[PDB]
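Visitor:
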Ligand SMILES: CCCCCCCCCCCCCCCC(=O)O
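Protein chains in written order, with the authors' numbering: chain A, 12 to 48, 205 to 249, 264 to 394; chain B, 1 to 340; chain N, 2 to 127; chain G, 5 to 62; chain R, 545 to 743, 755 to 827.
What follows is the structure, given as structure tokens:
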């Protein structure tokens with residue numbers, strides 16, 4: 012009875028076409044993992216006619232040790248940072278140095294840019310209490326301070342940026358990079374920043390496939 | 001509090017009593033009992049079939065009871081039902097959530113299950129007379145992700161969660177019958193006994209527990225591992241089970257002895273076990289690894305008697321046919337090979 | 002896997018205290034270790050860490066220069082020495098172990114759910 | 005700390021119940037495993053050389 | 545007869561001594577290039593089981609290597625055919641088609657590099673049909689146009705190559721010139737984008764790697780017009796005859812992906 016054998020081949024050739032059709036949709040979209048310091208949330212946005220797919224695992228536990236391995240083929244990890266700072270630094274350590282996430286780039290987002298301006302002015306909770314090195318940190322002068330903020334805030338922000346970059350450009354020896362950024366509670370251009378950073382990530386990955394960079 | 005300290009001391013005393021009882025139980029060791037058995041020799045297995053068609057990494061795999069059809073789960077949101085003999089795909093089930101970490105093939109061949117970060121176990125009816133494959137039930141009672149799901153019968157299913165709890169569901173009504181609480185970390189693997197009355201569950205607390213399905217209660221707790229238990233697998237006779245971990249060791253425990261017997265580890269292996277399986281006779285213990293390989297241990301004498309190689313990324317799933325004719329290994333390179 | 006801690010107690014401010022942890026069940030020379038703490042009415046905070054051979058040590062800023070960590074591989078014990086304590090340094094100190102051997106990453110500050118952590122010892126300054 | 009004492013009580017009850025179980029010597033469990041392996045060795049395709057005539061994958 | 549006859553439109557003759565050296569360079573480079581393209585093709589055939597090798601950029605490299613291999617073998621056989629006969633004409637047709645196929649595949653590689661580096665998104669789309677078509681079929685169409693209009697302009701020449709006294713030689717130079725110009729533009733854009741994210756040796760390595768696949772080393776041969784370009788002919792011959800060696804060195808041996816795949820394959824084979 013070769014009828015079953017030919018029907019099986021026909022079904023194979025029917026679902027192979029569907030797999031080919033779904034391959035383009037899978038490849039043309041870019042996955043992102045959003046995490047900070205029903206059970207899973209999916210956000211779909213497109214900018215400049217390229218599709219993105221953002222994820223927010225906020226209905227699970229704090230042991231982000233077994234399911235963080237699922238996000239290794241993701242193009243980038245959006246790390247949002249609001264002693265929560267030290268916890269964020271250690272989480273970024275673990276994410277950077279994980280042997281399965283050695284090829285996944287991280288796009289930082291240092292929020293509370295306007296919230297720290299009043300916090301430093303009040304002086305109730307000095308940053309030097311938690312980070313003693315801040316008492317001798319000077320701005321590298323290759324900065325872009327926005328006219329309207331005292332040098333204290335534009336030094337504080339670059340302090341956390343330098344801490345994260347000290348974590349980043351020190352170890353790992355992997356095909357991945359970190360992209361710091363500063364955001365606020367009123368801007369809506371963060372999607373453009375994510376788009377540009379992802380463009381850079383896939384650009385560098387392609388260049389390294391050609392072994393140029 | 002005084003009551004809490006006294007109760008903790010009492011628990012420590014019973015832990016010491018259990019340790020003393022186990023020590024007195026271990027008159028001899030399996031290593032010194034199995035020295036008069038001829039070694040199996042060198043086991044060479046070749047990739048008979050390489051099954052392509054997955055886009056993302058294969059995270060789970062399960063054979064069928066007929067040793068012909070096997071299902072595969074991938075991070076792109078697909079469940080492909082392959083035909084091993086002819087390398088022909090039979091079904092391509094698209095999943096609602098792309099992040100799927102488990103898949104179970106019913107013994108009757110009528111249903112297939114899947115689950116992952118969606119926190120939901122979904123049963124798919126393959127027969128689907130006068131229609132295509134569709135979701136039959138959507139079991140949702142777990143606060144954490146599903147790591148493993150297994151079918152006891154065609155009507156009821158057992159699942160593991162990342163919320164430190166195993167569950168026994170009733171698919172017809174879609175409700176929890178019993179909850180298996182008692183762990184302290186994420187449950188990562190299940191293995192049902194040949195008689196569907198007992199099942200073991202590994203976890204991230206370096207402990208494997210023996211559960212009774214009907215009574216909904218523990219019977220034994222096996223603690224001999226240093227790190228998280230990733231894979232678990234019963235012996236064919238149901239009187240023992242192997243346990244893989246992240247400390248490069250895959251030990252063998254007994255239910256009647258209630259303690260470990262033999263540790264299967266090598267100094268050259270510094271990776272972690274992701275899959276443990278047994279041969280039909282139980283002499284060979286196949287084990288996955290993070291070094292892109294798969295070692296064929298000898299269950300009676302803890303020596304390496306074969307290496308399966310050919311995977312670019314880590315093997316994340318391994319299975320042996322009930323016939324015992326072929327072994328299937330799936331890796332993160334979107335490939336799935338069959339060795340025999 | 003057992004981690005029994007000791008050496009705590011009430012210490013006058015500006016004093017000294019030496020906590021020790023006894024490790025049994027695992028090869029102490031293969032696992033990076035940690036010292037965590039939980040202040041009353043707060044969450045778990047990371048204090049220090051140490052590598053497999055003791056080459057790499059980090060602190061949490063507020064304890065930098067006053068606390069030192071050391072491990073003895075032969076005796077399977079790990080110490081944390083506290084110098085010039087302050088009332089702010091009162092908490093239950095736990096000795097967490099990183100989940101896997103030969104790994105540089107450690108997810109070990111989980112909210113009262115980490116399996117490879119000790120019962121902890123109380124250190125009070127007054 | 006009612007939750008903590010409840011969890012400790014549950015753990016104590018579990019240990020009480022687990023400490024009362026019948027245990028056979030390892031010299032018997034290993035013998036049982038060896039006997040099972042020796043009895044089922046003849047029906048293990050992976051262990052014994054599988055003939056190519058009845059092998060479905062070649 | 546030498547390699548420089550491929551892209552010389554002016555009828556210049558060199559004094560004895562240059563011809564002998566150029567012929568020796570042509571033989572040595574062509575043989576060392578075919579024996580090396582065979583290696584770079586068997587390496588791909590062996591390593592095709594690896595996931596990284598199974599992308600689209602290795603289709604282009606495999607087909608380009610095959611085109612250059614057959615073209616150089618045919619030219620080597622064509623250096624001895626007693627020109628002015630039927631085998632000479634058929635060899636001329638085959639050489640024309642295969643060299644245009646090589647240039648079309650170099651253009652394919654340039655476009656793929658443009659679609660991966662400059663236009664970062666959209667590269668994962670499957671354009672196998674378009675690439676294969678514009679690589680193989682278009683040289684066939686250009687040959688069909690060249691045939692039936694300049695058929696007598698193939699065997700009737702000093703060497704077994706389409707003539708340069710009837711204007712039919714531009715059927716090879718003009719597509720080659722277009723390919724070279726487009727690839728130079730793409731290479732300039734890629735150099736700019738690699739220098740932007742490099743803030755000199757990194758750019759030099761990129762240009763060295765991109766020289767063989769993009770085929771921008773053929774511009775030397777078309778610059779022999781005035782008559783004092785014997786050095787230019789020398790560079791053209793000795794730098795485009797070793798194209799297979801350069802391809803194997805920069806795209807089959809110094810490639811990290813290929814080396815890693817070979818290491819994995821040899822650790823698999825060692826377990827047997
Ligand atoms: C949709 C295409 C996916 C990838 C398909 C396989 C690509 C790698 C193999 C290409 C080269 C095959 C062997 C060439 C040998 C030769 O030309 O002599």
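Every residue, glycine too, gets a C-beta built ideally from N, C-alpha and C.
With burial defined as no fewer than 16 other Cβ atoms inside 10 Å of the residue's Cβ, what is the status of residue 21 of chain G: buried or exposed?
Guide: Here the question's residue 21 of chain G lines up with position 17 in the fourth chain. Residue 21 of chain G is exposed by the Cβ-count criterion.
Visitor: Just the chain A side, please: which residues come within less than 7 Å of residue 652 of chain R by C-beta, in chain order?
Guide: For the purposes of this step, residue 652 of chain R is identified with residue 108 of the fifth chain, where counting begins at 1. Within 7 Å Cβ-Cβ: nothing; residue 652 of chain R doesn't reach chain A, min ~15 Å.
Visitor: Using a Cβ cut-off of 7 Å, pull out every chain N residue sitting near residue 185 of chain B, in sequence order please.
Guide: Residue 185 of chain B sits at position 185 when you count from the first residue of the second chain. Under the 7 Å cutoff, chain N gives 116.
Visitor: Does any heavy atom of ligand 1 sit closer than 7 Å to the C-beta of residue 134 of chain B?
Guide: As a working note, residue 134 of chain B is residue 134 in the second chain. For ligand 1, not one heavy atom lies less than 7 Å from the Cβ of residue 134 of chain B.
Visitor: Hey, does residue 732 of chain R have any beta-carbon neighbour from chain A nearer than 8 Å?
Guide: The residue you call residue 732 of chain R lines up with position 188 of the fifth chain. No, no contact with chain A.
Visitor: Suppose contacts are defined by Cβ-Cβ distances below 8 Å. Is residue 566 of chain R in contact with residue 779 of chain R by that definition?
Guide: Residue mapping note: residue 566 of chain R aligns to position 22 of the fifth chain, counting from 1. Residue mapping note: residue 779 of chain R aligns to position 224 of the fifth chain, counting from 1. No, these two residues do not count as a Cβ contact at 8 Å.
Visitor: Which first and last residues belong to the beta strand (DSSP E) in which residue 200 of chain B is found?
Guide: Your numbering for residue 200 of chain B matches position 200 in the second chain. 198-203 is the extent of the beta strand (DSSP E) around residue 200 of chain B.
Visitor: Checking contacts by CB at 8 Å: is residue 87 of chain B closer than that to chain G?
Guide: Here residue 87 of chain B corresponds to residue number 87 of the second chain, with the count starting at 1. Judged by the 8 Å Cβ criterion, residue 87 of chain B is not in contact with chain G.
Visitor: Could you name the residues of the region 660-679 of chain R whose beta carbon sits closer than 8 Å to any beta carbon of chain A, in the order they occur along the chain?
Guide: Flagged, chain order: 660, 661, 664, 665, 666, 667, 668, 669, 670.
Visitor: Of all the options B:318, B:314, B:308, which has the alpha carbon lying nearest to the alpha carbon of residue 42 of chain B?
Guide: Along the second chain, read from residue 1 onward, the residue named residue 42 of chain B stands at position 42. Comparing Cα positions, the closest option is B:308.
Visitor: How should residue 803 of chain R be labelled, buried or exposed, when 16 other C-beta atoms within 10 angstroms of its C-beta is the threshold for buried?
Guide: As a working mapping, residue 803 of chain R is identified with position 248 in the fifth chain. Result: buried.
Visitor: Which full runs of the alpha helix (DSSP H) of 4+ residues lie inside the region 316-351 of chain A, going along the chain?
Guide: As far as the region 316-351 of chain A is concerned, its whole alpha helix (DSSP H) runs of at least 4 residues are 332-349.
Visitor: Straight-line CA distance for residue 267 of chain A to residue 61 of chain N?
Guide: Residue 267 of chain A sits at position 86 when you count from the first residue of the first chain. Residue 61 of chain N sits at position 60 when you count from the first residue of the third chain. Going from the Cα of residue 267 of chain A to the Cα of residue 61 of chain N covers about 7 Å.
Visitor: Quick check on this structure: which residue in B:106, B:277, B:158 has the alpha carbon closest to the alpha carbon of residue 233 of chain B?
Guide: Translated into the one-based positions of the second chain, residue 233 of chain B becomes position 233. Of B:106, B:277, B:158, the residue nearest in Cα terms is B:277.
Visitor: Drop a sphere of 10 angstroms on the beta-carbon of residue 316 of chain B, count the other beta-carbons inside from all chains shown, and report buried for 16 or more, exposed for fewer.
Guide: Reading the second chain from its first residue, position 316 is the one you call residue 316 of chain B. Residue 316 of chain B is buried by the Cβ-count criterion.
Visitor: When you compare each of B:139, B:167, B:158, B:181 to residue 173 of chain B by their alpha carbons, which one comes out closest?
Guide: Mapped onto the second chain, residue 173 of chain B falls at position 173. Here the closest residue by C-alpha is B:139.
Visitor: Straight-line CA distance for residue 164 of chain B to residue 59 of chain N?
Guide: Walking along the second chain from the start, residue 164 of chain B turns up at place 164. Walking along the third chain from the start, residue 59 of chain N turns up at place 58. The straight-line gap from Cα to Cα measures roughly 32 Å.
Visitor: Please work out which residues of its chain come closer than 7 Å, Cβ to Cβ, to residue 617 of chain R, disregarding the five sequence neighbours upstream and downstream, and give them in chain order.
Guide: Translated into the one-based positions of the fifth chain, residue 617 of chain R becomes position 73. 578.
Visitor: Could you tell me whether the Cβ of residue 101 of chain B comes closer than 8 Å to any Cβ of chain A?
Guide: If you number the second chain from 1, residue 101 of chain B lands on position 101. Yes - at least one Cβ of chain A is within 8 Å of the one on residue 101 of chain B.
Visitor: Which residues of chain R have a Cβ atom closer than 7 Å to the Cβ of residue 217 of chain A, listed in chain order?
Guide: By 1-based counting over the first chain, the position of residue 217 of chain A is 50. Here the neighbours are 665.
Visitor: Would residue 245 of chain A pass as an interface residue toward chain B - the criterion being a Cβ-Cβ separation below 8 Å?
Guide: As a first step, residue 245 of chain A is located in the first chain; it is residue number 78 there, counting from the start. Closer than 8 Å: no.
Visitor: Measuring CB atoms only, is the region 314-333 of chain B touching the region 29-42 of chain B, in the sense that at least three cross pairs come out at less than 8 Å?
Guide: No: the two stretches stay apart, fewer than three of their Cβ pairs being nearer than 8 Å.
Visitor: Mind reading off the beta-carbon distance from residue 326 of chain A to residue 346 of chain A? Whole number of angstroms is fine, and I expect it under 8 Å.
Guide: For the purposes of this step, residue 326 of chain A is identified with residue 145 of the first chain, where counting begins at 1. For the purposes of this step, residue 346 of chain A is identified with residue 165 of the first chain, where counting begins at 1. No, residue 326 of chain A and residue 346 of chain A are not in contact; Cβ-Cβ is about 18 Å, not under 8 Å.
Visitor: Per DSSP, which residues does residue 580 of chain R bridge with? Please list them.
Guide: For the purposes of this step, residue 580 of chain R is taken as residue 36 along the fifth chain, with counting starting at 1. Paired residues: none, contrary to the question.
Visitor: Going by Cα to Cα distance, which pick from R:546, R:557, R:550, R:772 is closest to residue 781 of chain R?
Guide: Translated into the one-based positions of the fifth chain, residue 781 of chain R becomes position 226. Residue 781 of chain R has its Cα closest to that of R:557, out of R:546, R:557, R:550, R:772.
Visitor: So residue 704 of chain R and residue 622 of chain R are in contact, right, with Cβ under 8 Å, and what is the actual spacing, rounded?
Guide: Taking the fifth chain and counting its residues from 1, the one referred to as residue 704 of chain R is at position 160. Taking the fifth chain and counting its residues from 1, the one referred to as residue 622 of chain R is at position 78. Between residue 622 of chain R and residue 704 of chain R the Cβ distance is about 4 Å, and since that is below 8 Å, they are a contact.
Visitor: Would you mind stating whether residue 283 of chain B and residue 45 of chain G have Cβ atoms separated by less than 8 Å?
Guide: Locating residue 283 of chain B in the second chain gives position 283, where the first residue counts as 1. Locating residue 45 of chain G in the fourth chain gives position 41, where the first residue counts as 1. In contact: residue 283 of chain B and residue 45 of chain G (Cβ atoms closer than 8 Å).
Visitor: State yes or no: is the C-beta of residue 246 of chain B within less than 8 Å of the C-beta of residue 230 of chain B?
Guide: Translated into positions along the second chain, residue 246 of chain B becomes position 246. Translated into positions along the second chain, residue 230 of chain B becomes position 230. For residue 246 of chain B and residue 230 of chain B, yes; Cβs fall inside 8 Å.
Visitor: Cβ of residue 597 of chain R versus every heavy atom of ligand 1: is any distance shorter than 7 Å?
Guide: Residue numbering aside, residue 597 of chain R sits at position 53 when the fifth chain is read from its first letter. Yes, the Cβ of residue 597 of chain R comes within 7 Å of a heavy atom of ligand 1.
Visitor: Rounded to the nearest angstrom, what separates residue 320 of chain B and residue 62 of chain B at their Cα positions?
Guide: Indexing the second chain from 1 puts residue 320 of chain B at position 320. Indexing the second chain from 1 puts residue 62 of chain B at position 62. Residue 320 of chain B and residue 62 of chain B: Cα-Cα distance of roughly 9 Å.
Visitor: Could you pull out every residue in the same chain whose Cβ sits closer than 7 Å to the Cβ of residue 108 of chain N, ignoring the five residues on either side in sequence?
Guide: As a working note, residue 108 of chain N is residue 107 in the third chain. 100, listed in sequence order.
Visitor: Specify the secondary structure class of residue 817 of chain R as computed by DSSP and reduced to three states.
Guide: In the fifth chain, residue 817 of chain R corresponds to position 262, counting from 1. Looking at residue 817 of chain R - three-state DSSP - the assignment turns out to be helix.
Visitor: Any Cβ of chain B within less than 8 Å of the Cβ of residue 31 of chain G?
Guide: Walking along the fourth chain from the start, residue 31 of chain G turns up at place 27. Chain B, which has a Cβ nearer than 8 Å to the Cβ of residue 31 of chain G, makes this yes.
Visitor: What's the gap between the Cα of residue 74 of chain B and the Cα of residue 43 of chain A?
Guide: Residue numbering aside, residue 74 of chain B sits at position 74 when the second chain is read from its first letter. Residue numbering aside, residue 43 of chain A sits at position 32 when the first chain is read from its first letter. Whole-angstrom Cα-Cα distance: 18 Å.
Visitor: Go through its chain and collect everything with a Cβ distance to residue 180 of chain B's Cβ below 6 Å, but skip five positions before and after it.
Guide: Along the second chain, one-based indexing puts residue 180 of chain B at 180. Within the same chain, residue 180 of chain B has close Cβ partners 166, 211.
Visitor: Any idea if residue 287 of chain A is buried or exposed, counting beta-carbon neighbours within 10 angstroms, 16 or more meaning buried?
Guide: The sequence position of residue 287 of chain A within the first chain is 106, counting from 1. Classification for residue 287 of chain A: buried.
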